[PDB]
Amino acid sequence: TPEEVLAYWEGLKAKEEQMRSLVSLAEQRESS
Amino acid sequence: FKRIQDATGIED
Amino acid sequence: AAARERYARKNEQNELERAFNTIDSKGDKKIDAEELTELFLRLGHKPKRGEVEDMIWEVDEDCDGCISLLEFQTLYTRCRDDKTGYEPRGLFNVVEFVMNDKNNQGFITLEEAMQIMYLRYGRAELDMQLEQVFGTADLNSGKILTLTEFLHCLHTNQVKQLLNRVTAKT
Amino acid sequence: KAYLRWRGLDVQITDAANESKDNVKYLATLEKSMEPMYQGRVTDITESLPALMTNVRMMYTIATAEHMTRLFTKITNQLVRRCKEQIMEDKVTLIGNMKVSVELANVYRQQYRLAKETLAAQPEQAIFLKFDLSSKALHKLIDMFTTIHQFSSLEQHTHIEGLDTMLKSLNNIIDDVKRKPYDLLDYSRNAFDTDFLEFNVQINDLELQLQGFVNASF
């Protein structure tokens with residue numbers, strides 16, 4: 001159960017970081 | 001995949 | 001072999017003057033026993049109960065007590081050309097370490113430059129003062145240089161010829 | 001009798017397969033910006049490296065010690081490979097190639113140290129050993145060749161009546177060092193560090209001989 005909860009939390013954090021990164025990259029591309 | 005694509009496009 | 005020494009002296013003189021001022025902590029010309037402990041702490045080595053008193057005693061020989069820049073050059077030159085003199089070298093080592101320092105933790109490959117200047121010697125002779133190897137580097141400090149130099153001088157001093165002499169066979 | 005072993009192997013195979021898919025898919029994302037450095041020019045890597053650390057930084061925010069060690073060891077191996085190739089093909093070419101390779105190592109270490117600073121901000125043994133041996137065996141030869149080329153403007157004024165066999169002394173000093181068995185570019189020997197400090201004394205000997213010659217013809 002702890003491993004499953006950790007995996008779910010890690011996946012959620014990764015998805016959030018991914019969205020933020022994608023936004024950063026899009027902003028950088030627009031600036032260029 | 002989307003992040004890698006955006007990265008390559010920005011680099012190009 | 002003179003050219004190595006003359007050229008070395010030509011460059012180290014300016015380093016030496018600042019080395020002196022830096023060892024002094026009172027902004028004067030005199031180096032008190034008090035300063036020496038502070039220097040060792042900067043190197044990261046600890047003196048023994050009576051080491052400092054011996055260090056101050058042996059170097060000074062034109063007056064008694066604290067040392068002066070004039071004594072310091074006299075010491076430097078005598079020790080440098082000392083080689084077959086069997087003479088004291090207690091405070092020469094700490095200053096030579098500080099002058100040969102530019103990293104503020106010690107020096108690595110520069111031992112060889114020190115060694116060649118003293119003599120071409122040998123790779124095996126290098127394996128005597130320390131355990132440094134040609135390819136590998138190391139970390140070094142004040143602790144591992146003074147102790148090894150001091151021990152080497154004690155090791156050479158001991159050996160003498162009594163019944164250790166060896167004559168060509170009949 | 002064998003079904004315990006088969007369920008154990010099934011669990012091992014599923015875990016290995018899942019981690020293999022993630023690892024392969026993330027290491028594959030790296031490939032399109034690591035591809036230039038296998039065959040291209042030595043200066044290109046300077047501009048390519050920021051993309052490489054952006055990639056590595058985004059992918060190490062997910063999945064660790066084996067990735068850092070293996071990835072960094074082989075990328076620095078490839079940097080050494082490219083530098084060693086681009087030097088191996090005189091004076092200005094050699095000094096330029098050594099300057100470029102040292103600058104590459106410098107910007108690599110600087111931007112990786114900035115990367116570690118950032119990685120500390122939000123929430124290197126192989127580099128040390130290999131680039132330290134490379135940078136010392138490049139610094140020694142770059143300073144030796146800079147001194148030689150600075151003394152090399154004398155090499156054609158052969159009509160002055162006191163510069164005839166001295167340049168043959170300098171040629172012998174060069175040649176005896178450049179006839180020694182060890183490879184100069186390899187840090188695998190590290191015994192030329194006594195040859196360099198024997199060369200450095202007869203260079204100053206040549207200096208003082210020429211100074212006495214100037215002092216002696218007036």
# chains A, B, ... in the order shown; residues from 1 in each chain; ligands from 1
call {"tool": "interface_residues", "arguments": {"of": "chain B", "to": "chain A", "cutoff": "7 Å", "atoms": "only C-alpha atoms", "output": "number ranges by chain"}}
result
B: 3, 6-7, 10
call {"tool": "residues_around", "arguments": {"residues": "range 3-11 of chain A", "least_positions_apart": "3", "cutoff": "10 Å", "atoms": "only C-alpha atoms", "output": "list in words"}}
result
residues 14, 15, 16 and 17 of chain A; 62 and 63 of chain D
call {"tool": "interface_residues", "arguments": {"of": "chain D", "to": "chain B", "cutoff": "12 Å", "atoms": "only C-alpha atoms", "output": "number ranges by chain"}}
result
D: 25-34, 47-56, 58-59
call {"tool": "interface_residues", "arguments": {"of": "chain C", "to": "chain D", "cutoff": "10 Å", "atoms": "only C-alpha atoms", "output": "PDB file with C-alpha atoms, in the first residue's frame"}}
result
ATOM      1  CA  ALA C   1      72.979  22.134 -11.013  1.00  0.00           C
ATOM      2  CA  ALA C   3      71.051  27.125 -12.663  1.00  0.00           C
ATOM      3  CA  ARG C   4      68.038  25.464 -11.063  1.00  0.00           C
ATOM      4  CA  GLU C   5      68.894  27.001  -7.673  1.00  0.00           C
ATOM      5  CA  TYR C   7      66.581  30.691 -11.089  1.00  0.00           C
ATOM      6  CA  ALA C   8      64.471  29.349  -8.185  1.00  0.00           C
ATOM      7  CA  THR C 109      52.794  17.567  -7.752  1.00  0.00           C
ATOM      8  CA  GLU C 112      58.676  17.100  -7.453  1.00  0.00           C
ATOM      9  CA  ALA C 113      59.618  20.680  -8.261  1.00  0.00           C
ATOM     10  CA  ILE C 116      64.371  18.391  -8.463  1.00  0.00           C
ATOM     11  CA  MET C 117      65.549  21.796  -7.152  1.00  0.00           C
ATOM     12  CA  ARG C 120      67.442  15.205  -9.486  1.00  0.00           C
ATOM     13  CA  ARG C 123      61.463   8.118  -8.414  1.00  0.00           C
ATOM     14  CA  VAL C 133      52.821   8.078  -7.295  1.00  0.00           C
ATOM     15  CA  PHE C 134      53.343   9.583 -10.766  1.00  0.00           C
ATOM     16  CA  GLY C 135      49.823   8.969 -12.067  1.00  0.00           C
ATOM     17  CA  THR C 136      47.761   9.521  -8.937  1.00  0.00           C
ATOM     18  CA  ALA C 137      47.485  12.876  -7.245  1.00  0.00           C
TER      19      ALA C 137
END
call {"tool": "atom_distance", "arguments": {"atom1": "CA of residue 32 in chain C", "atom2": "CA of residue 81 in chain C"}}
result
25.6 Å
call {"tool": "select_by_dssp", "arguments": {"residues": "range 129-212 of chain D", "states": "alpha helix (DSSP H)", "output": "PyMOL selection string"}}
result
chain D and resi 132-150+166-177+192-212
call {"tool": "residues_around", "arguments": {"residues": "residue 107 in chain C", "least_positions_apart": "6", "cutoff": "10 Å", "atoms": "only C-alpha atoms", "output": "PDB file with C-alpha atoms, in the first residue's frame"}}
result
ATOM      1  CA  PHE C  97      55.463  24.816   2.858  1.00  0.00           C
ATOM      2  CA  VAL C  98      53.714  28.191   3.038  1.00  0.00           C
ATOM      3  CA  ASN C 100      55.121  26.451  -1.950  1.00  0.00           C
ATOM      4  CA  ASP C 101      51.418  26.737  -1.129  1.00  0.00           C
ATOM      5  CA  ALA C 137      47.485  12.876  -7.245  1.00  0.00           C
ATOM      6  CA  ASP C 138      46.243  12.846  -3.591  1.00  0.00           C
ATOM      7  CA  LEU C 139      44.995  15.371  -1.090  1.00  0.00           C
ATOM      8  CA  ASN C 140      47.678  16.786   1.194  1.00  0.00           C
ATOM      9  CA  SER C 141      47.922  19.111   4.193  1.00  0.00           C
ATOM     10  CA  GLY C 142      50.418  20.603   6.629  1.00  0.00           C
ATOM     11  CA  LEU C 145      54.579  17.193   5.020  1.00  0.00           C
TER      12      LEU C 145
END
call {"tool": "residues_around", "arguments": {"residues": "residue 96 in chain D", "least_positions_apart": "4", "cutoff": "12 Å", "atoms": "only C-alpha atoms", "output": "number ranges by chain"}}
result
D: 42-43, 83, 86-87, 90-92, 100-103, 138, 142, 145-146
call {"tool": "atom_distance", "arguments": {"atom1": "CA of residue 60 in chain C", "atom2": "CA of residue 75 in chain C"}}
result
8.2 Å
